[PDB]
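Chemist: Have a look at this one before I ask anything.
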Amino acid sequence: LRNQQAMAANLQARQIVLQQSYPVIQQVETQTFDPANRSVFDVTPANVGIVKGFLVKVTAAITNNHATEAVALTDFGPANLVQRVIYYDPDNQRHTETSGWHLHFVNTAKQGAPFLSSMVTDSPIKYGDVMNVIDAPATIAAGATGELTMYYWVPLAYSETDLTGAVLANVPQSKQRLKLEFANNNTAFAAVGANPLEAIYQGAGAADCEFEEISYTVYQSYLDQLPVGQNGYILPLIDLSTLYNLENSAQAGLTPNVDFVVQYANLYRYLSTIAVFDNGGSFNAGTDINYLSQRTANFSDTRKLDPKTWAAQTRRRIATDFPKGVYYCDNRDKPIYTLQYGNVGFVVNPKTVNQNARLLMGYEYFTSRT
Amino acid sequence: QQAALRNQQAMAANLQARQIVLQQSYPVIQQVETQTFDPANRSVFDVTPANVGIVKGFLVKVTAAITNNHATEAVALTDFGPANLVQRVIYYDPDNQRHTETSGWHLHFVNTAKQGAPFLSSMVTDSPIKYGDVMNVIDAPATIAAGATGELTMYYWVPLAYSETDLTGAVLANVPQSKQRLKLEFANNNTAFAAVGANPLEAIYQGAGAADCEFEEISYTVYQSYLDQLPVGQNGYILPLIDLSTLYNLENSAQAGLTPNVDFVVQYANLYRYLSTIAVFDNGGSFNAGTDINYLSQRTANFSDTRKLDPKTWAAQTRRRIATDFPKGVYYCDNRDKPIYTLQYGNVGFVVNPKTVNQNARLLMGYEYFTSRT
Amino acid sequence: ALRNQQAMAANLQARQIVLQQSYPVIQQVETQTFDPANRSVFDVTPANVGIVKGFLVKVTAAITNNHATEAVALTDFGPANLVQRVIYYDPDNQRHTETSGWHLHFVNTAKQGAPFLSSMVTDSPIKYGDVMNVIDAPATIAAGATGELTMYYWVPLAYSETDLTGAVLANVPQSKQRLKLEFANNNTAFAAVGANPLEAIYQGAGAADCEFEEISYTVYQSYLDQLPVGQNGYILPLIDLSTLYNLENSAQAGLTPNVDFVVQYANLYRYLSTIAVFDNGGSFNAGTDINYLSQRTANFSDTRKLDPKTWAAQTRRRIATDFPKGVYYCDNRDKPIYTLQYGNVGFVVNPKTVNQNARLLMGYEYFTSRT
Amino acid sequence: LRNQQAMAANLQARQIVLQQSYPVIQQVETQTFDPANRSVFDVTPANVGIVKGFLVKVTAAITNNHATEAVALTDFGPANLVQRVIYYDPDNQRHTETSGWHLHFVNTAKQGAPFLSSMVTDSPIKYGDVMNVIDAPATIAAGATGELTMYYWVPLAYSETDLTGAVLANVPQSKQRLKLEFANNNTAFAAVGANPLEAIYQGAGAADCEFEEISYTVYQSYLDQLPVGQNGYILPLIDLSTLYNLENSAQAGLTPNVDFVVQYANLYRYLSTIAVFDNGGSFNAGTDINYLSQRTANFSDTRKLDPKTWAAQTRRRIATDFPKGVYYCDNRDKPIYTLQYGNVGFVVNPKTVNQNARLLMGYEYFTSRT
Amino acid sequence: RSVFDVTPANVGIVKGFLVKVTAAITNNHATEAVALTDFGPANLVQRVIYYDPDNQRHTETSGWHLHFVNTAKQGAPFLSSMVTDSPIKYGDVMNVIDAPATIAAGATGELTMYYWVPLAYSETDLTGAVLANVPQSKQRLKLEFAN
Amino acid sequence: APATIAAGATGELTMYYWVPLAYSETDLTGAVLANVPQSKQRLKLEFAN
Amino acid sequence: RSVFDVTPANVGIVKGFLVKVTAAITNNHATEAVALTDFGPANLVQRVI
């Protein structure tokens with residue numbers, strides 16, 4: 001029995017906390033540097049109240065020192081300003097450990113539209129891209145310097161109203177660790193013909209491109225003035241004892257017309273799946289895939305679909321398509337959850353497979369701390 | 001006398017079972033049929049879906065290649081364009097009862113209304129990250145030049161259940177005996193291309209090269225969405241009996257007899273609970289942006305208009321629902337929270353008072369409604 | 001405290017019953033076409049029927065640029081400046097909203113979650129789009145040309161379609177409501193180059209020779225009819241109907257570089273949103289003249305001290321785009337600013353650059369009780 | 001309980017009456033007139049024994065006075081010599097109230113072949129159309145006069161062996177009323193392009209056509225020498241307390257591809273239904289209809305059929321098709337009967353709908369006097 | 001294709017099937033015509049075979065034989081329109097069973113024919129009817145058409 | 001099936017497949033009970049082209 | 001067309017299906033022949049489900 005009451009209590013406590021505490025977003029750290037010298041930073045957030053997440057602002061100036069050749073944005077562009085992120089809580093338990101581009105795509109999936117974008121409308125009133133919140137020049141010509149701005153939301157809590165995954169740090173004492181690895185002069189620029197997956201710009205002038213400098217500012221979002229009751233602080237024990245993490249992985253071994261299956265692990269409740277078909281450095285709009293699906297061993301496919309129909313389901317979630325070769329799957333209402341390892345798999349049956357082909361997977365999931 | 005308690009209890013039992021079904025079953029979307037054909041040979045198909053569990057609806061993918069063989073003249077998309085790839089869709093459940101029976105354009109406008117934006121469209125934003133129209137889910141060239149071939153893709157969702165969370169209208173398909181039937185009447189070389197000056201309503205392209213346009217092929221794939229592994233209990237399968245005994249249908253009709261400055265009234269039938277109404281003013285083949293209308297309204301037996309509005313103000317209400325305007329001459333009315341039901345009040349009618357009326361003018365009406373199977 | 005908890009419960013129940021039992025109606029109250037050179041202020045008399053939720057005001061205009069050679073171009077606010085001011089008084093002559101057309105329009109956008117009544121651009125091949133020109137104005141009006149404009153404003157009484165807080169019960173036959181509309185005229189609508197464009201619709205070298213040809217308005221009143229009756233007469237949400245939901249704006253001056261300019265939430269209202277327009281001496285900049293913005297409590301602690309782009313990011317989550325240059329928005333809907341819950345609170349702007357005649361135009365959305 | 005015995009007694013009494021009484025068919029009235037002067041007549045039948053029905057013979061001479069244009073029979077032709085019929089019994093209760101064409105179509109349905117027609121066979125013996133019982137020239141040329149003969153059976157009793165609906169008038173005293181409205185110079189002739197529904201002839205010479213004269217003879221069929229027993233006359237009380245009526249109605253509001261439903265009323269036991277699709281004056285052979293059906297609310301269609309298949313069922317009943325646009329439905333063995341109004345409806349889903357379209361309905365039914 | 005296997009619904013007691021068949025035939029010969037054979041449209045269906053839910057075979061015969069029995073049981077040419085002297089326009093209005101007597105060189109003829117495949121002996125004698133309520137096994141109506 | 005089909009020639013082929021449900025004629029493991037009039041079995045064949 | 005869905009009869013216990021496939025193939029090449037692959041006619045059916 002039980003649980004019904006455990007969950008009922010958790011939810012009641014969550015509601016009291018949301019109703020009684022007050023949300024705060026506060027700058028915790030800012031820094032400007034030259035990636036030629038350093039590109040990995042460990043940010044120390046403040047241990048106060050219940051921490052919900054971190055908004056990371058990144059600005060950069062890129063100079064194309066080439067004599068005559070320009071470079072142009074890759075499909076991910078400024079989303080590759082941060083290569084990776086890792087968060088450790090006060091108890092030394094890791095939550096999210098993923099790439100900047102995967103983190104960005106999840107930010108978009110959760111918003112229901114390209115993250116922090118400005119939607120174009122016919123309004124005569126001058127709304128629009130006034131503030132260049134997420135911005136990067138389409139091209140940087142030989143001899144020019146371009147200015148970029150990127151934002152990432154590193155979540156602990158699942159949402160503003162669902163505190164599952166949030167972290168209690170008003171007491172812990174031990175420090176939190178938000179590790180950020182930024183793009184550098186070796187990852188940001190891809191030569192013509194090279195794989196643009198992790199790069200920001202690609203083109204004939206790439207070898208002579210460099211960062212003038214990069215700056216970041218981390219804002220911490222948390223709940224303060226936590227409600228106190230009889231036994232003390234009123235807290236959603238299930239929420240705070242659950243991890244909400246994003247993680248990535250890479251898989252290879254694809255062959256034309258054969259089902260390539262990536263197994264889901266047990267224990268984790270997978271809310272979403274992203275699969276990027278890095279076809280040997282080529283990123284195609286579904287033309288190199290026969291179909292994608294999610295399958296249960298001995299229960300077949302629950303959604304075996306051609307690429308365009310798969311894309312149609314995604315258009316219902318983010319109001320547009322993710323970039324070429326990027327495929328999304330929403331399982332939020334009924335998370336993939338198997339008691340046995342791989343009782344469910346993500347499937348891609350490729351039509352064309354180039355040399356060095358691989359699927360880069362990204363996952364959003366919930367799992368117990370214990 | 002009272003005893004109406006039964007209804008109250010029935011509603012509660014229906015809602016409880018619906019919730020259990022949604023919580024316990026697992027959603028599946030599966031391909032049931034795919035065919036490529038030449039419209040010159042055939043354009044009407046009857047698809048037999050699978051009989052598995054509770055059926056929620058069908059996602060129909062349609063692609064086509066159209067060549068404009070005219071020596072010199074081009075053609076351009078009509079206002080409806082690829083939404084006219086399917087001319088009519090009709091669904092019959094295992095008991096042979098008809099549910100949706102409407103035009104492809106009407107079905108598409110309802111798909112848009114229920115999404116809250118142009119169905120399966122890609123919005124435009126200032127994002128530097130390369131989101132956008134990457135996959136061309138619904139797509140058609142704006143023009144097809146003399147000698148060129150254009151490729152089109154469009155999708156339609158044929159609903160049985162009202163939504164993913166409201167199973168009203170869903171169909172229980174477990175009787176091996178009788179099959180469901182999804183009939184699709186596609187566009188062909190006689191409906192898809194309109195000459196200059198001809199009525200573009202049902203066409204995909206219109207222009208001086210129309211007589212020489214032809215389909216190279218049309219292909220369709222029907223995906224069936226359903227709930228499998230239905231929950232069982234002491235009394236067997238737990239099922240929302242009201243949901244499964246209610247029809248959620250889309251239907252269209254045509255009415256004529258409009259005269260300048262006179263109220264043209266289209267009565268709503270009794271028994272049906274109308275969720276939305278679409279009125280297309282086909283003004284003799286001309287489709288105007290409200291300029292041929294004085295006002296539109298919904299009116300009850302009492303001369304009482306609940307929303308008698310000028311065309312732009314009517315359009316403003318629609319912009320709040322789908323974030324843009326429907327095509328020229330297409331007007332929408334949302335009555336989802338308080339469905340038009342002639343039992344609730346007297347008879348009710350949809351009103352259009354035209355400013356200008358061309359020859360062969362008519363109002364094409366599209367309705368979304370719930371009604372008891374019995 | 002029990003009297004209150006029960007009072008709130010009774011209110012919500014009454015609201016729920018009114019919404020379920022009554023039927024919403026929207027109907028034209030009045031239409032007028034005029035030349036603002038003749039008259040620009042109008043007192044519209046709403047119909048006294050049931051519970052009134054608000055008014056949708058359609059405004060159209062024709063403007064002619066008769067300059068010999070120069071054009072004019074839309075200002076950042078453009079057609080939102082067709083109405084300069086709006087003021088509403090209920091049957092007891094209690095004033096509710098009194099604000100500028102631009103502020104009212106920005107709140108309409110904030111409440112919609114996107115530019116008010118706009119048409120979103122998509123890749124759809126089906127011809128959806130700006131078909132009906134619901135809100136529209138030509139980007140420029142060339143010398144010798146005439147442009148046509150359309151604008152809509154929603155004047156709220158009720159907070160929303162489902163929350164009747166602020167609504168007005170108008171069933172007293174001899175006590176009239178008053179909706180006063182003050183329209184733009186040739187003096188307010190056209191700004192010369194270098195002049196402050198804040199209140200103007202068009203600005204350019206051809207401004208001196210621009211004239212309205214006409215303006216027309218149609219007011220539609222939205223209300224609930226066939227009010228439910230019970231064992232005590234009309235079932236009514238008493239708290240909803242005795243609470244005012246208003247918009248108001250004011251101007252604050254006294255800014256100096258790198259110093260915190262604090263605008264205290266001076267009243268004991270429950271502030272749902274705040275809009276701050278940095279009219280930097282006629283210049284409207286995209287955050288570049290600001291170090292940071294914030295909301296601060298007497299405790300001297302900031303709940304959201306942010307650089308301009310990050311502040312803008314929060315707004316992009318609310319309206320899917322940015323407000324025009326120099327316009328900053330702050331959402332406090334779920335936890336309204338109320339100085340009696342915490343120390344006095346202030347809205348803060350620390351300017352990086354301050355031109356002559358700089359000022360902050362503040363717009364507030366708030367709830368307050370009649371008594 | 002009961003009833004079983006009430007019906008058993010009714011049927012026994014019916015049998016005794018049929019066995020003991022003697023059938024008589026007797027002329028009750030004849031009249032010749034010019035429709036320019038009068039066209040409505042109220043015939044007074046004799047109050048004798050149990051009345052079963054009336055055979056109405058109508059003859060007419062039509063002159064086409066046009067100078068050069070002829071006219072040709074409409075689809076209903078001589079069946080429109082009588083426009084309407086109404087019968088009132090001795091107790092002032094109406095039985096049949098319908099059009100001449102509907103009455104004629106029911107006469108045909110009950111016979112199982114075109115009413116009083118002569119069937120063509122290969123017999124060398126000279127059987128055939130010798131007596132021109134129901135007859136009318138196919139065309140009447142300019143300047144010519146055509147002679148027509150039409151017969152109608154106005155039923156009270158359902159049949160020769162089922163006295164349900166018969167009328168006892170051996171006592172009543174109060175008079176019966178058989179009202180007949182004949183065609184006139186305004187209804188019998190349709191101009192080219194005009195609606196031919198109620199007309200006898202249509203054509204370019206119609207404006208100059210006229211009746212030379214019309215004559216009618218009414219024959220009354222009844223049972224005399226009624227059997228007497230202990231309590232007195234032996235009579236089937238249920239038969240005599242039941243009305244067997246034919247009635248017509250008109251419905252409009254048809255729209256392409258939408259189900260047009262005509263509700264059946266409650267209380268009446270409907271034996272047959274006739275629906276005429278007057279498509280704005282055009283009468284088509286099913287090509288303007290998608291399907292017809294009879295439907296029960298919440299029990300769907302019991303016979304949703306394409307027009308030709310619907311016509312096939314009718315061919316089994318009358319050995320041929322009714323005229324263009326005329327559809328018949330037999331429900332004699334299991335009469336449409338709902339306790340709630342419209343718990344059953346007759347359906348027509350039209351393919352094509354012209355201006356002024358409507359369905360003219362005709363019903364045959366049983367219902368209690370009380 | 002010319003052979004089809006129809007799966008009827010399993011609802012209650014099945015009495016039979018009414019099968020409507022239509023066809024368009026073009027005589028592409030340059031000069032010569034063709035004329036209906038004695039059986040004509042009755043040969044649109046070459047053979048019909050029915051199996052009940054227990055997979056037991058009932059009728060298994062030719063279209064012409066089935067049609068002649070339909071006629072025998074009706075007591076007249078099946079679904080035919082008799083000819084009479086009636087001036088009222090009854091007649092072959094709906095062309096329920098119809099086929100052009102000849103199809104000229106270059107012409108296209110349209111045909112319609114119906115067959116009643118009986119399970120029950122008649123509408124009142126249910127001998128031969130089939131109880132179809134077992135969701136497991138389906139009935140099967142096989143039609144081998146002319147080609 | 002003809003071992004070769006020459007230029008201009010037509011070859012005729014015949015092949016048979018046994019699709020098993022039961023393991024064998026004597027071992028009914030895998031066999032299918034098909035008596036529910038409701039749902040049909042389905043044998044899908046994707047041929048060469 | 002090359003894909004078919006066959007609906008078998010629902011009678012008793014089903015053991016399996018014997019599928020007979022025949023075909024006529026013409027080699028229209030002007031000069032060159034073709035020869036059976038190792039699988040040959042066994043590839044007349046590509047997939048069965």
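Chain lettering (A, B, ...) mirrors the order of the structure tokens, residue numbering begins at 1 for each chain separately, and ligand numbering begins at 1 in order of display.
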Write out as a PyMOL selection string which residues come within 9 Å of residue 40 (chain G) when counting only C-alpha atoms, dropping same-chain ones fewer than 5 positions away.

Modeler: (chain F and resi 1+3) or (chain G and resi 35)

Chemist: Compute the chain B side of the contact with chain C at 6 Å, counting only C-alpha atoms, and hand it back as number ranges by chain.

Modeler: B: 79-81, 121-124, 139-140, 289, 306-307, 312, 319, 323-327

Chemist: Distance limit 6 Å, atoms considered: only C-alpha atoms. Which chain A residues sit that close to chain C? Return them as a list in words.

Modeler: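 Result, ordered by chain then number: residues 24, 25, 116, 118, 119, 120, 121, 122, 123, 124, 125, 126, 127, 128, 130, 131 and 133 of chain A.
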
Chemist: So that I can see what lies close to residue 353 (chain B), please list as a ChimeraX atom specification the residues with an atom at most 9 Å from it, counting only C-alpha atoms and leaving out residues fewer than 6 positions away in the same chain.

Modeler: /B:258-265,293-297

Chemist: Go ahead and save the picked residues with N, CA and C atoms, as an mmCIF file, in the first residue's frame.

Modeler:
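Result saved to part.cif:
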data_model
loop_
_atom_site.group_PDB
_atom_site.id
_atom_site.type_symbol
_atom_site.label_atom_id
_atom_site.label_comp_id
_atom_site.auth_asym_id
_atom_site.auth_seq_id
_atom_site.Cartn_x
_atom_site.Cartn_y
_atom_site.Cartn_z
ATOM 1 N N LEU B 258 -28.395 34.026 -51.618
ATOM 2 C CA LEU B 258 -27.986 35.263 -50.970
ATOM 3 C C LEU B 258 -28.401 36.480 -51.798
ATOM 4 N N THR B 259 -28.717 37.585 -51.129
ATOM 5 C CA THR B 259 -29.083 38.825 -51.816
ATOM 6 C C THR B 259 -28.466 39.972 -51.031
ATOM 7 N N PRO B 260 -27.935 40.981 -51.730
ATOM 8 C CA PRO B 260 -27.303 42.123 -51.074
ATOM 9 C C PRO B 260 -28.102 42.744 -49.930
ATOM 10 N N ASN B 261 -27.407 42.958 -48.816
ATOM 11 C CA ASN B 261 -27.960 43.581 -47.624
ATOM 12 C C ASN B 261 -29.082 42.857 -46.904
ATOM 13 N N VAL B 262 -29.310 41.595 -47.251
ATOM 14 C CA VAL B 262 -30.348 40.799 -46.599
ATOM 15 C C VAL B 262 -29.700 39.676 -45.787
ATOM 16 N N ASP B 263 -30.182 39.444 -44.571
ATOM 17 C CA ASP B 263 -29.617 38.384 -43.750
ATOM 18 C C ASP B 263 -29.813 37.009 -44.377
ATOM 19 N N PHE B 264 -28.707 36.296 -44.598
ATOM 20 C CA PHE B 264 -28.757 34.934 -45.137
ATOM 21 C C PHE B 264 -28.533 34.066 -43.906
ATOM 22 N N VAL B 265 -29.525 33.255 -43.560
ATOM 23 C CA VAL B 265 -29.455 32.436 -42.353
ATOM 24 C C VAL B 265 -29.377 30.933 -42.581
ATOM 25 N N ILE B 293 -18.863 41.517 -47.487
ATOM 26 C CA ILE B 293 -19.757 41.202 -46.373
ATOM 27 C C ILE B 293 -20.006 42.391 -45.438
ATOM 28 N N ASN B 294 -21.256 42.575 -45.023
ATOM 29 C CA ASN B 294 -21.581 43.655 -44.095
ATOM 30 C C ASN B 294 -21.225 43.174 -42.692
ATOM 31 N N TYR B 295 -21.722 41.995 -42.339
ATOM 32 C CA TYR B 295 -21.438 41.403 -41.037
ATOM 33 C C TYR B 295 -21.789 39.927 -41.001
ATOM 34 N N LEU B 296 -21.308 39.244 -39.964
ATOM 35 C CA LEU B 296 -21.601 37.832 -39.743
ATOM 36 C C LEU B 296 -22.120 37.764 -38.316
ATOM 37 N N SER B 297 -22.874 36.722 -38.005
ATOM 38 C CA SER B 297 -23.399 36.576 -36.657
ATOM 39 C C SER B 297 -23.876 35.156 -36.379
#

Chemist: Counting only C-alpha atoms, what are the residues of chain B within 8 Å of chain D, and for each of them which pair of atoms is the nearest and at what distance in Å, to one decimal? Sort the table by chain and rising number, as a Markdown table.

Modeler:
| residue | atom | partner | partner_atom | distance |
| --- | --- | --- | --- | --- |
| B:95 | CA | D:300 | CA | 7.9 |
| B:96 | CA | D:300 | CA | 7.9 |
| B:97 | CA | D:300 | CA | 6.0 |
| B:251 | CA | D:258 | CA | 7.4 |
| B:252 | CA | D:258 | CA | 7.2 |
| B:253 | CA | D:255 | CA | 5.7 |
| B:254 | CA | D:255 | CA | 5.8 |
| B:255 | CA | D:255 | CA | 6.8 |
| B:372 | CA | D:298 | CA | 6.1 |
| B:373 | CA | D:298 | CA | 4.1 |
| B:374 | CA | D:298 | CA | 1.2 |

Chemist: Put those residues in a file: C-alpha atoms, as a PDB file, in the first residue's frame.

Modeler:
ATOM      1  CA  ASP B  95     -21.265  -1.010 -37.048  1.00  0.00           C
ATOM      2  CA  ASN B  96     -21.234   0.741 -40.427  1.00  0.00           C
ATOM      3  CA  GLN B  97     -22.168   4.063 -38.822  1.00  0.00           C
ATOM      4  CA  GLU B 251     -19.534  17.488 -42.122  1.00  0.00           C
ATOM      5  CA  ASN B 252     -19.951  20.144 -44.767  1.00  0.00           C
ATOM      6  CA  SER B 253     -22.860  21.485 -46.819  1.00  0.00           C
ATOM      7  CA  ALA B 254     -23.696  24.146 -49.376  1.00  0.00           C
ATOM      8  CA  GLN B 255     -26.475  26.763 -49.425  1.00  0.00           C
ATOM      9  CA  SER B 372     -25.433  10.390 -29.717  1.00  0.00           C
ATOM     10  CA  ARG B 373     -24.860   7.177 -31.650  1.00  0.00           C
ATOM     11  CA  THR B 374     -28.498   6.429 -30.793  1.00  0.00           C
TER      12      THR B 374
END

Chemist: Excluding same-chain residues fewer than 6 positions from residue 274 (chain D), what lies within 8 Å of it counting only C-alpha atoms, as a PyMOL selection string?

Modeler: chain D and resi 102+326-329+361-363

Chemist: How would the residues just chosen look if you wrote them out with C-alpha atoms as a PDB file, in the first residue's frame?

Modeler:
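Everything below was put into out-v2.pdb:
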ATOM      1  CA  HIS D 102     -49.603   9.028 -53.634  1.00  0.00           C
ATOM      2  CA  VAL D 326     -40.080   8.120 -56.681  1.00  0.00           C
ATOM      3  CA  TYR D 327     -38.739   5.847 -53.913  1.00  0.00           C
ATOM      4  CA  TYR D 328     -40.667   3.224 -52.005  1.00  0.00           C
ATOM      5  CA  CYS D 329     -40.043   1.431 -48.731  1.00  0.00           C
ATOM      6  CA  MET D 361     -43.434  12.117 -48.422  1.00  0.00           C
ATOM      7  CA  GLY D 362     -46.302   9.660 -48.521  1.00  0.00           C
ATOM      8  CA  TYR D 363     -47.258   7.356 -45.637  1.00  0.00           C
TER       9      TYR D 363
END

Chemist: Give me the residues near residue 186 (chain B) as a PyMOL selection string, where near means some atom within 10 Å (using only C-alpha atoms) and where sequence neighbours in that chain fewer than 2 positions away do not count.

Modeler: chain B and resi 39+42-45+62+84-89+104+183-184+188+191-192+218+220

Chemist: When you get a sec, could you note down which chain F residues fall within 10 Å of chain E, using only C-alpha atoms, as a short mmCIF file (atom, residue, chain, number, x, y, z; two decimals) with N, CA, C and O atoms, in the first residue's frame?

Modeler:
data_model
loop_
_atom_site.label_atom_id
_atom_site.label_comp_id
_atom_site.auth_asym_id
_atom_site.auth_seq_id
_atom_site.Cartn_x
_atom_site.Cartn_y
_atom_site.Cartn_z
N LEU F 33 -5.77 -20.87 -33.03
CA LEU F 33 -7.20 -21.13 -32.94
C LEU F 33 -7.91 -19.92 -33.54
O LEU F 33 -7.85 -18.83 -32.98
N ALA F 34 -8.55 -20.11 -34.68
CA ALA F 34 -9.24 -19.01 -35.36
C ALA F 34 -10.75 -19.21 -35.44
O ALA F 34 -11.27 -19.66 -36.46
N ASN F 35 -11.44 -18.88 -34.35
CA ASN F 35 -12.89 -19.05 -34.31
C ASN F 35 -13.66 -17.77 -33.97
O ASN F 35 -14.89 -17.76 -34.01
N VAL F 36 -12.94 -16.70 -33.62
CA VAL F 36 -13.59 -15.44 -33.29
C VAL F 36 -13.94 -14.65 -34.55
O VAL F 36 -13.07 -14.06 -35.19
N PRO F 37 -15.24 -14.64 -34.92
CA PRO F 37 -15.72 -13.93 -36.12
C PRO F 37 -15.30 -12.46 -36.17
O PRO F 37 -15.24 -11.86 -37.25
N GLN F 38 -15.01 -11.90 -35.01
CA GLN F 38 -14.61 -10.50 -34.89
C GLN F 38 -13.33 -10.13 -35.64
O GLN F 38 -13.38 -9.46 -36.67
N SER F 39 -12.19 -10.56 -35.10
CA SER F 39 -10.90 -10.24 -35.69
C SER F 39 -10.34 -11.27 -36.66
O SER F 39 -10.33 -12.47 -36.40
N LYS F 40 -9.84 -10.77 -37.78
CA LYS F 40 -9.28 -11.63 -38.82
C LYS F 40 -7.78 -11.87 -38.67
O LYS F 40 -7.07 -11.10 -38.03
N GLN F 41 -7.32 -12.96 -39.27
CA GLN F 41 -5.89 -13.23 -39.26
C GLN F 41 -5.45 -12.35 -40.43
O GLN F 41 -6.29 -11.78 -41.13
#

Chemist: Among region 293-364 of chain C, which ones does DSSP assign to strand (DSSP E) (computed from the backbone)? Answer as a PyMOL selection string.

Modeler: chain C and resi 293-297+327-331+345-351+358-364

Chemist: Using DSSP secondary structure from the backbone, list all helix (DSSP H, G or I) positions within region 13-116 of chain E, as a PyMOL selection string.

Modeler: chain E and resi 40-43+63-74

Chemist: Take the residues from that selection and write them out as a CSV table (one decimal), in the first residue's frame, keeping N, CA and C atoms.

Modeler:
chain,number,residue,atom,x,y,z
E,40,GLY,N,-25.4,-13.7,-70.7
E,40,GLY,CA,-25.0,-12.3,-70.6
E,40,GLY,C,-24.4,-11.8,-69.3
E,41,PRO,N,-25.0,-10.8,-68.7
E,41,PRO,CA,-24.5,-10.3,-67.4
E,41,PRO,C,-24.5,-11.3,-66.3
E,42,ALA,N,-25.2,-12.4,-66.4
E,42,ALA,CA,-25.3,-13.3,-65.3
E,42,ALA,C,-23.9,-14.0,-65.2
E,43,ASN,N,-23.0,-13.8,-66.2
E,43,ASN,CA,-21.7,-14.4,-66.2
E,43,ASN,C,-20.6,-13.4,-65.7
E,63,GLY,N,-22.0,-18.4,-61.3
E,63,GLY,CA,-22.9,-17.2,-61.2
E,63,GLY,C,-24.2,-17.5,-62.0
E,64,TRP,N,-24.1,-18.2,-63.2
E,64,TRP,CA,-25.3,-18.4,-63.9
E,64,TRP,C,-26.2,-19.3,-63.1
E,65,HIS,N,-25.7,-20.3,-62.4
E,65,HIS,CA,-26.6,-21.2,-61.7
E,65,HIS,C,-27.3,-20.4,-60.6
E,66,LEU,N,-26.5,-19.7,-59.8
E,66,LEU,CA,-27.0,-18.9,-58.7
E,66,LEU,C,-28.1,-18.0,-59.2
E,67,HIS,N,-27.9,-17.3,-60.3
E,67,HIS,CA,-28.9,-16.4,-60.9
E,67,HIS,C,-30.2,-17.2,-61.3
E,68,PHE,N,-30.1,-18.3,-61.9
E,68,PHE,CA,-31.3,-19.0,-62.3
E,68,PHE,C,-32.1,-19.4,-61.1
E,69,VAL,N,-31.4,-19.8,-60.0
E,69,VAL,CA,-32.1,-20.1,-58.8
E,69,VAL,C,-32.8,-18.8,-58.2
E,70,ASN,N,-32.1,-17.7,-58.3
E,70,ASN,CA,-32.7,-16.4,-57.8
E,70,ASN,C,-34.0,-16.2,-58.6
E,71,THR,N,-34.0,-16.5,-59.9
E,71,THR,CA,-35.2,-16.4,-60.7
E,71,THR,C,-36.3,-17.4,-60.3
E,72,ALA,N,-35.9,-18.6,-60.1
E,72,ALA,CA,-36.8,-19.6,-59.7
E,72,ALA,C,-37.5,-19.3,-58.4
E,73,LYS,N,-36.7,-18.8,-57.4
E,73,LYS,CA,-37.3,-18.4,-56.1
E,73,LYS,C,-38.2,-17.2,-56.2
E,74,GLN,N,-37.9,-16.3,-57.1
E,74,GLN,CA,-38.7,-15.1,-57.2
E,74,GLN,C,-40.1,-15.4,-57.9

Chemist: Can you list, as a list in words, every protein, DNA or RNA residue that comes within 9 Å of residue 42 (chain F) when you count only C-alpha atoms, leaving out same-chain residues fewer than 2 positions away?

Modeler: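 Here the answer would be residues 40 and 44 of chain F; 5, 6, 7, 8 and 49 of chain G.
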